[PDB]
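Note: the block below is work-v2.pdb and it holds PDB, C-alpha atoms.
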```pdb
ATOM      1  CA  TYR A 177       4.849  -0.834  -1.910  1.00  0.00           C
ATOM      2  CA  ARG A 178       6.554  -1.786  -5.175  1.00  0.00           C
ATOM      3  CA  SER A 179       7.714   1.820  -5.214  1.00  0.00           C
ATOM      4  CA  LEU A 180       8.719   1.438  -1.561  1.00  0.00           C
ATOM      5  CA  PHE A 181      11.009  -1.590  -1.779  1.00  0.00           C
ATOM      6  CA  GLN A 182      12.489  -0.169  -4.974  1.00  0.00           C
ATOM      7  CA  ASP A 183      13.310   2.892  -2.876  1.00  0.00           C
ATOM      8  CA  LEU A 184      14.803   0.436  -0.401  1.00  0.00           C
ATOM      9  CA  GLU A 185      16.833  -0.864  -3.338  1.00  0.00           C
ATOM     10  CA  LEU A 186      18.140   2.663  -3.774  1.00  0.00           C
ATOM     11  CA  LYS A 187      20.014   1.778  -0.584  1.00  0.00           C
ATOM     12  CA  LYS A 188      19.900  -1.967  -1.503  1.00  0.00           C
ATOM     13  CA  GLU A 189      18.711  -2.883   1.982  1.00  0.00           C
ATOM     14  CA  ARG A 190      18.541  -6.519   3.067  1.00  0.00           C
ATOM     15  CA  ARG A 191      17.527  -5.886   6.680  1.00  0.00           C
ATOM     16  CA  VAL A 192      13.975  -4.673   7.277  1.00  0.00           C
ATOM     17  CA  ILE A 193      12.277  -4.725  10.675  1.00  0.00           C
ATOM     18  CA  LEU A 194       8.522  -4.424  10.277  1.00  0.00           C
ATOM     19  CA  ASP A 195       6.269  -2.535  12.669  1.00  0.00           C
ATOM     20  CA  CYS A 196       2.720  -3.193  11.485  1.00  0.00           C
ATOM     21  CA  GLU A 197      -0.550  -4.766  12.529  1.00  0.00           C
ATOM     22  CA  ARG A 198      -1.028  -8.508  11.962  1.00  0.00           C
ATOM     23  CA  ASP A 199      -3.090  -7.829   8.847  1.00  0.00           C
ATOM     24  CA  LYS A 200      -0.715  -5.092   7.674  1.00  0.00           C
ATOM     25  CA  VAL A 201       2.234  -7.391   8.366  1.00  0.00           C
ATOM     26  CA  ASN A 202       0.687 -10.080   6.155  1.00  0.00           C
ATOM     27  CA  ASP A 203      -0.240  -7.589   3.421  1.00  0.00           C
ATOM     28  CA  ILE A 204       3.295  -6.246   3.010  1.00  0.00           C
ATOM     29  CA  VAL A 205       4.903  -9.708   3.199  1.00  0.00           C
ATOM     30  CA  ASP A 206       2.614 -10.751   0.338  1.00  0.00           C
ATOM     31  CA  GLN A 207       4.069  -7.797  -1.553  1.00  0.00           C
ATOM     32  CA  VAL A 208       7.546  -9.054  -0.613  1.00  0.00           C
ATOM     33  CA  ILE A 209       6.343 -12.385  -2.027  1.00  0.00           C
ATOM     34  CA  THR A 210       5.220 -10.555  -5.180  1.00  0.00           C
ATOM     35  CA  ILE A 211       8.699  -9.060  -5.674  1.00  0.00           C
ATOM     36  CA  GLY A 212      10.628 -11.999  -4.226  1.00  0.00           C
ATOM     37  CA  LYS A 213      12.626 -10.380  -1.435  1.00  0.00           C
ATOM     38  CA  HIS A 214      11.910 -13.398   0.765  1.00  0.00           C
ATOM     39  CA  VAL A 215      14.936 -15.082  -0.849  1.00  0.00           C
ATOM     40  CA  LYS A 216      18.322 -15.719   0.760  1.00  0.00           C
ATOM     41  CA  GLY A 217      20.356 -12.615   1.537  1.00  0.00           C
ATOM     42  CA  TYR A 218      17.427 -10.807   3.151  1.00  0.00           C
ATOM     43  CA  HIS A 219      16.603 -10.703   6.837  1.00  0.00           C
ATOM     44  CA  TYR A 220      13.357  -9.631   8.461  1.00  0.00           C
ATOM     45  CA  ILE A 221      12.261  -9.136  12.068  1.00  0.00           C
ATOM     46  CA  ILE A 222       8.596  -8.921  13.079  1.00  0.00           C
ATOM     47  CA  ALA A 223       8.203  -6.480  15.976  1.00  0.00           C
ATOM     48  CA  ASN A 224       5.183  -7.756  17.874  1.00  0.00           C
ATOM     49  CA  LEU A 225       4.345 -10.298  20.539  1.00  0.00           C
ATOM     50  CA  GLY A 226       2.388 -12.293  17.956  1.00  0.00           C
ATOM     51  CA  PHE A 227       5.215 -13.742  15.893  1.00  0.00           C
ATOM     52  CA  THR A 228       3.411 -17.086  15.852  1.00  0.00           C
ATOM     53  CA  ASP A 229       0.108 -15.351  15.089  1.00  0.00           C
ATOM     54  CA  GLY A 230       1.150 -14.395  11.566  1.00  0.00           C
ATOM     55  CA  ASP A 231       1.334 -16.623   8.508  1.00  0.00           C
ATOM     56  CA  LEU A 232       4.800 -18.151   8.399  1.00  0.00           C
TER      57      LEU A 232
ATOM     58  CA  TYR B 177       8.595 -29.823  -5.883  1.00  0.00           C
ATOM     59  CA  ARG B 178      10.841 -28.270  -3.233  1.00  0.00           C
ATOM     60  CA  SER B 179      12.942 -31.389  -3.689  1.00  0.00           C
ATOM     61  CA  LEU B 180      12.671 -30.909  -7.456  1.00  0.00           C
ATOM     62  CA  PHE B 181      13.954 -27.347  -7.802  1.00  0.00           C
ATOM     63  CA  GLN B 182      16.653 -28.133  -5.250  1.00  0.00           C
ATOM     64  CA  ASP B 183      17.659 -30.928  -7.622  1.00  0.00           C
ATOM     65  CA  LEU B 184      17.586 -28.268 -10.325  1.00  0.00           C
ATOM     66  CA  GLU B 185      19.931 -26.304  -8.069  1.00  0.00           C
ATOM     67  CA  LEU B 186      22.261 -29.287  -8.187  1.00  0.00           C
ATOM     68  CA  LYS B 187      22.773 -28.055 -11.750  1.00  0.00           C
ATOM     69  CA  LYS B 188      21.868 -24.461 -10.685  1.00  0.00           C
ATOM     70  CA  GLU B 189      19.492 -24.088 -13.620  1.00  0.00           C
ATOM     71  CA  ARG B 190      17.975 -20.709 -14.457  1.00  0.00           C
ATOM     72  CA  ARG B 191      16.165 -21.775 -17.628  1.00  0.00           C
ATOM     73  CA  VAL B 192      13.098 -23.979 -17.196  1.00  0.00           C
ATOM     74  CA  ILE B 193      10.532 -24.574 -19.933  1.00  0.00           C
ATOM     75  CA  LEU B 194       7.313 -25.916 -18.452  1.00  0.00           C
ATOM     76  CA  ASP B 195       5.096 -28.480 -20.145  1.00  0.00           C
ATOM     77  CA  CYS B 196       2.022 -28.808 -17.937  1.00  0.00           C
ATOM     78  CA  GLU B 197      -1.717 -28.286 -17.898  1.00  0.00           C
ATOM     79  CA  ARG B 198      -3.058 -24.814 -17.062  1.00  0.00           C
ATOM     80  CA  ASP B 199      -3.822 -25.905 -13.506  1.00  0.00           C
ATOM     81  CA  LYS B 200      -0.527 -27.790 -13.204  1.00  0.00           C
ATOM     82  CA  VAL B 201       1.298 -24.780 -14.643  1.00  0.00           C
ATOM     83  CA  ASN B 202      -0.229 -22.544 -11.964  1.00  0.00           C
ATOM     84  CA  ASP B 203       0.447 -25.062  -9.183  1.00  0.00           C
ATOM     85  CA  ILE B 204       4.174 -25.319  -9.895  1.00  0.00           C
ATOM     86  CA  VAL B 205       4.593 -21.556 -10.408  1.00  0.00           C
ATOM     87  CA  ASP B 206       3.052 -21.075  -6.957  1.00  0.00           C
ATOM     88  CA  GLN B 207       5.784 -23.398  -5.706  1.00  0.00           C
ATOM     89  CA  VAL B 208       8.315 -21.246  -7.581  1.00  0.00           C
ATOM     90  CA  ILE B 209       6.683 -18.334  -5.738  1.00  0.00           C
ATOM     91  CA  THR B 210       7.114 -20.257  -2.472  1.00  0.00           C
ATOM     92  CA  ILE B 211      10.860 -20.671  -3.094  1.00  0.00           C
ATOM     93  CA  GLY B 212      11.348 -17.375  -4.926  1.00  0.00           C
ATOM     94  CA  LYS B 213      12.808 -18.487  -8.248  1.00  0.00           C
ATOM     95  CA  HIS B 214      10.641 -15.907 -10.010  1.00  0.00           C
ATOM     96  CA  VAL B 215      13.392 -13.355  -9.298  1.00  0.00           C
ATOM     97  CA  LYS B 216      15.821 -11.855 -11.811  1.00  0.00           C
ATOM     98  CA  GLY B 217      18.335 -14.281 -13.282  1.00  0.00           C
ATOM     99  CA  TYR B 218      15.707 -16.925 -14.030  1.00  0.00           C
ATOM    100  CA  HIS B 219      13.895 -17.436 -17.307  1.00  0.00           C
ATOM    101  CA  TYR B 220      10.766 -19.465 -17.939  1.00  0.00           C
ATOM    102  CA  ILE B 221       8.843 -20.422 -21.075  1.00  0.00           C
ATOM    103  CA  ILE B 222       5.265 -21.722 -20.963  1.00  0.00           C
ATOM    104  CA  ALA B 223       4.750 -24.309 -23.711  1.00  0.00           C
ATOM    105  CA  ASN B 224       1.071 -24.040 -24.575  1.00  0.00           C
ATOM    106  CA  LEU B 225      -1.208 -21.972 -26.765  1.00  0.00           C
ATOM    107  CA  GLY B 226      -2.800 -20.499 -23.638  1.00  0.00           C
ATOM    108  CA  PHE B 227      -0.030 -18.207 -22.448  1.00  0.00           C
ATOM    109  CA  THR B 228      -2.619 -15.519 -21.737  1.00  0.00           C
ATOM    110  CA  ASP B 229      -4.908 -18.088 -20.101  1.00  0.00           C
ATOM    111  CA  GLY B 230      -2.643 -18.537 -17.087  1.00  0.00           C
ATOM    112  CA  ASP B 231      -2.210 -16.207 -14.132  1.00  0.00           C
ATOM    113  CA  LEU B 232       0.543 -13.750 -14.992  1.00  0.00           C
ATOM    114  CA  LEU B 233      -0.039 -11.215 -12.202  1.00  0.00           C
ATOM    115  CA  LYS B 234       1.461 -13.560  -9.596  1.00  0.00           C
ATOM    116  CA  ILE B 235       4.894 -13.457 -11.265  1.00  0.00           C
ATOM    117  CA  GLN B 236       4.762 -10.246 -13.298  1.00  0.00           C
ATOM    118  CA  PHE B 237       6.769  -8.262 -10.748  1.00  0.00           C
ATOM    119  CA  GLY B 238       9.219 -10.863  -9.461  1.00  0.00           C
ATOM    120  CA  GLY B 239      12.150 -10.560 -11.855  1.00  0.00           C
ATOM    121  CA  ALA B 240      12.181 -13.706 -13.995  1.00  0.00           C
ATOM    122  CA  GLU B 241      11.258 -13.300 -17.647  1.00  0.00           C
ATOM    123  CA  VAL B 242       8.289 -15.383 -18.749  1.00  0.00           C
ATOM    124  CA  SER B 243       7.651 -16.269 -22.390  1.00  0.00           C
ATOM    125  CA  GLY B 244       5.009 -18.272 -24.191  1.00  0.00           C
ATOM    126  CA  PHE B 245       2.728 -18.793 -27.157  1.00  0.00           C
ATOM    127  CA  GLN B 246      -0.743 -17.441 -27.864  1.00  0.00           C
ATOM    128  CA  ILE B 247      -2.898 -18.567 -30.779  1.00  0.00           C
ATOM    129  CA  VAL B 248      -5.979 -16.605 -29.633  1.00  0.00           C
ATOM    130  CA  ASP B 249      -5.024 -12.931 -29.722  1.00  0.00           C
ATOM    131  CA  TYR B 250      -7.646 -10.765 -28.030  1.00  0.00           C
ATOM    132  CA  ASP B 251      -6.622  -7.577 -29.862  1.00  0.00           C
ATOM    133  CA  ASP B 252      -8.472  -8.679 -33.003  1.00  0.00           C
ATOM    134  CA  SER B 253     -11.848  -7.003 -33.426  1.00  0.00           C
ATOM    135  CA  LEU B 254     -13.330 -10.303 -34.624  1.00  0.00           C
ATOM    136  CA  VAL B 255     -12.135 -11.739 -31.320  1.00  0.00           C
ATOM    137  CA  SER B 256     -13.306  -8.563 -29.569  1.00  0.00           C
ATOM    138  CA  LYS B 257     -16.814  -9.009 -30.988  1.00  0.00           C
ATOM    139  CA  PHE B 258     -16.796 -12.442 -29.365  1.00  0.00           C
ATOM    140  CA  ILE B 259     -15.423 -11.139 -26.035  1.00  0.00           C
ATOM    141  CA  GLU B 260     -18.049  -8.377 -25.859  1.00  0.00           C
ATOM    142  CA  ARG B 261     -20.613 -11.156 -26.178  1.00  0.00           C
ATOM    143  CA  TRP B 262     -18.580 -13.585 -24.015  1.00  0.00           C
ATOM    144  CA  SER B 263     -18.504 -11.432 -20.876  1.00  0.00           C
ATOM    145  CA  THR B 264     -22.202 -10.613 -21.281  1.00  0.00           C
ATOM    146  CA  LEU B 265     -23.063 -14.317 -21.457  1.00  0.00           C
ATOM    147  CA  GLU B 266     -24.875 -15.741 -18.455  1.00  0.00           C
ATOM    148  CA  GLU B 267     -22.677 -17.899 -16.253  1.00  0.00           C
ATOM    149  CA  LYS B 268     -25.672 -19.948 -15.096  1.00  0.00           C
ATOM    150  CA  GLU B 269     -26.781 -20.728 -18.648  1.00  0.00           C
ATOM    151  CA  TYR B 270     -23.292 -20.874 -20.192  1.00  0.00           C
ATOM    152  CA  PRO B 271     -20.891 -22.137 -17.508  1.00  0.00           C
ATOM    153  CA  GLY B 272     -17.421 -20.646 -17.687  1.00  0.00           C
ATOM    154  CA  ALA B 273     -18.566 -17.947 -20.108  1.00  0.00           C
ATOM    155  CA  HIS B 274     -19.080 -14.847 -17.912  1.00  0.00           C
ATOM    156  CA  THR B 275     -15.373 -13.978 -17.997  1.00  0.00           C
ATOM    157  CA  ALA B 276     -13.094 -11.363 -19.511  1.00  0.00           C
ATOM    158  CA  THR B 277     -11.013 -13.851 -21.519  1.00  0.00           C
ATOM    159  CA  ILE B 278     -11.426 -17.368 -22.887  1.00  0.00           C
ATOM    160  CA  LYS B 279      -9.342 -20.530 -22.968  1.00  0.00           C
ATOM    161  CA  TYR B 280      -7.969 -21.370 -26.397  1.00  0.00           C
ATOM    162  CA  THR B 281      -9.530 -24.834 -26.088  1.00  0.00           C
ATOM    163  CA  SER B 282     -12.919 -23.159 -25.742  1.00  0.00           C
ATOM    164  CA  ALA B 283     -12.069 -20.830 -28.634  1.00  0.00           C
ATOM    165  CA  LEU B 284     -11.121 -23.738 -30.907  1.00  0.00           C
ATOM    166  CA  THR B 285     -14.369 -25.442 -29.897  1.00  0.00           C
ATOM    167  CA  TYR B 286     -16.162 -22.322 -31.124  1.00  0.00           C
ATOM    168  CA  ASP B 287     -13.846 -22.335 -34.150  1.00  0.00           C
ATOM    169  CA  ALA B 288     -14.748 -25.953 -34.929  1.00  0.00           C
TER     170      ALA B 288
END
```
If you took the structure in this file and wrote it as structure tokens, what would it be?
Amino acid sequence: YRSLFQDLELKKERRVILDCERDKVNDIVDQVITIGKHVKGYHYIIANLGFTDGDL
Amino acid sequence: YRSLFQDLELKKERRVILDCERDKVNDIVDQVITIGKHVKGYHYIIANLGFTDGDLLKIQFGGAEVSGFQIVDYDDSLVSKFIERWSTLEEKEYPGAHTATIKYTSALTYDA
């Protein structure tokens, strides 16, 4: 995942729409937390009906 | 703390030297994690002898550069002879011992 978002920084993306399970959503966001792409400038969209189910 | 670093963003500081206990260091860094000031552009310095005692994996890959001081270097074989005994110590008999590393306060207690 640290390889993955670095490859997203090859395009320097700020706009990532996730399509994962509620566990796999929370696992990757914790990796976003680890690298700090939850800061201003980024935008994320969670593509499920359980937007309130995750850890916000 | 979210009020505090926002007040640091009134000056827009990037250079914060912490002076806290090992728990209170880790508590505030987790608030830095919560706001994301562990990213590149920031620099932090931990002002204790236990720089290796804290949790460095939480902010190793964020971007800020973290510095500190260590009096108990684990690369010494004399320290490594202690560590090879330290991890094999019973936690139930010696509480806090069955670990990979040691606090410097516990090391200086053994040094005393």
### Message
Set the distance at 9 Å and use only C-alpha atoms: which residues neighbour residue 245 (chain B) once local chain neighbours fewer than 5 positions away are removed? I'd like the list as a PyMOL selection string.
### Response
chain B and resi 221-228
### Message
Please enumerate the residues selected by the ChimeraX specification (/A :<8) & /B when evaluated against the supplied file, formatted as a ChimeraX atom specification.
### Response
/B:209-215,234-235,237-239
### Task
Can you pull out every residue within 10 Å of residue 250 (chain B), counting only C-alpha atoms, but drop anything in the same chain fewer than 6 positions away, and send it as an NGL selection string?
:B and (228 or 256-259 or 277-278)
Axis-aligned box over every listed atom of region 193-199 of chain B, padded by 8 Å per side: centre and edges in Å to one decimal, as AutoDock Vina command-line options?
```
--center_x 3.4 --center_y -26.7 --center_z -16.8 --size_x 30.4 --size_y 20.2 --size_z 22.6
```
### Message
With distances taken over all atoms listed in the file, which residue among A:219, A:188, A:202, A:177 lies nearest residue 232 (chain A)?
### Response
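Of the candidates, the smallest distance to residue 232 (chain A) is held by A:202.
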### Message
So, with only C-alpha atoms as the atoms that count, which of B:192, B:283, B:186, B:288 lies closest to residue 255 (chain B)?
### Response
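For residue 255 (chain B), the nearest of the given residues is B:283.
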### Query
How far is it from CA of residue 240 (chain B) to CA of residue 192 (chain A), in Å with one decimal?
23.2 Å
### Task
Any chance you could resolve the PyMOL selection byres ((chain B and resi 201) around 12) against this file and give the residues as a PyMOL selection string?
chain B and resi 193-200+202-208+220-224+226-227+229-232
### Atomic distance CA of residue 194 (chain A) - CA of residue 223 (chain A), expressed in Å with one decimal
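Interatomic distance, CA of residue 194 (chain A) to CA of residue 223 (chain A): 6.1 Å.
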Neighbours of residue 222 (chain A) within 12 Å (all atoms listed in the file; same-chain residues fewer than 4 positions away dropped), as a short mmCIF file (atom, residue, chain, number, x, y, z; two decimals) with C-alpha atoms, in the frame of the given file?
```
data_model
loop_
_atom_site.label_atom_id
_atom_site.label_comp_id
_atom_site.auth_asym_id
_atom_site.auth_seq_id
_atom_site.Cartn_x
_atom_site.Cartn_y
_atom_site.Cartn_z
CA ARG A 191 17.53 -5.89 6.68
CA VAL A 192 13.98 -4.67 7.28
CA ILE A 193 12.28 -4.72 10.68
CA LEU A 194 8.52 -4.42 10.28
CA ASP A 195 6.27 -2.54 12.67
CA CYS A 196 2.72 -3.19 11.48
CA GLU A 197 -0.55 -4.77 12.53
CA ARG A 198 -1.03 -8.51 11.96
CA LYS A 200 -0.72 -5.09 7.67
CA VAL A 201 2.23 -7.39 8.37
CA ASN A 202 0.69 -10.08 6.16
CA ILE A 204 3.30 -6.25 3.01
CA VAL A 205 4.90 -9.71 3.20
CA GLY A 226 2.39 -12.29 17.96
CA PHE A 227 5.22 -13.74 15.89
CA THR A 228 3.41 -17.09 15.85
CA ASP A 229 0.11 -15.35 15.09
CA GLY A 230 1.15 -14.40 11.57
CA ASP A 231 1.33 -16.62 8.51
CA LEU A 232 4.80 -18.15 8.40
#
```
### Message
I'd like the interatomic distance between CA of residue 246 (chain B) and CA of residue 274 (chain B), to a tenth of an Å.
### Response
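These atoms are spaced 21.0 Å apart.
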Might you spell out which residues the PyMOL selection byres ((chain B and resi 189) around 12) would select in the displayed file, as a PDB file with C-alpha atoms, keeping the file's coordinate frame?
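Result went into result11.pdb, see below:
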```
ATOM      1  CA  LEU B 180      12.671 -30.909  -7.456  1.00  0.00           C
ATOM      2  CA  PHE B 181      13.954 -27.347  -7.802  1.00  0.00           C
ATOM      3  CA  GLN B 182      16.653 -28.133  -5.250  1.00  0.00           C
ATOM      4  CA  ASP B 183      17.659 -30.928  -7.622  1.00  0.00           C
ATOM      5  CA  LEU B 184      17.586 -28.268 -10.325  1.00  0.00           C
ATOM      6  CA  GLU B 185      19.931 -26.304  -8.069  1.00  0.00           C
ATOM      7  CA  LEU B 186      22.261 -29.287  -8.187  1.00  0.00           C
ATOM      8  CA  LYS B 187      22.773 -28.055 -11.750  1.00  0.00           C
ATOM      9  CA  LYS B 188      21.868 -24.461 -10.685  1.00  0.00           C
ATOM     10  CA  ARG B 190      17.975 -20.709 -14.457  1.00  0.00           C
ATOM     11  CA  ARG B 191      16.165 -21.775 -17.628  1.00  0.00           C
ATOM     12  CA  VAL B 192      13.098 -23.979 -17.196  1.00  0.00           C
ATOM     13  CA  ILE B 193      10.532 -24.574 -19.933  1.00  0.00           C
ATOM     14  CA  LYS B 213      12.808 -18.487  -8.248  1.00  0.00           C
ATOM     15  CA  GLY B 217      18.335 -14.281 -13.282  1.00  0.00           C
ATOM     16  CA  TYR B 218      15.707 -16.925 -14.030  1.00  0.00           C
ATOM     17  CA  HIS B 219      13.895 -17.436 -17.307  1.00  0.00           C
ATOM     18  CA  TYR B 220      10.766 -19.465 -17.939  1.00  0.00           C
TER      19      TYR B 220
END
```
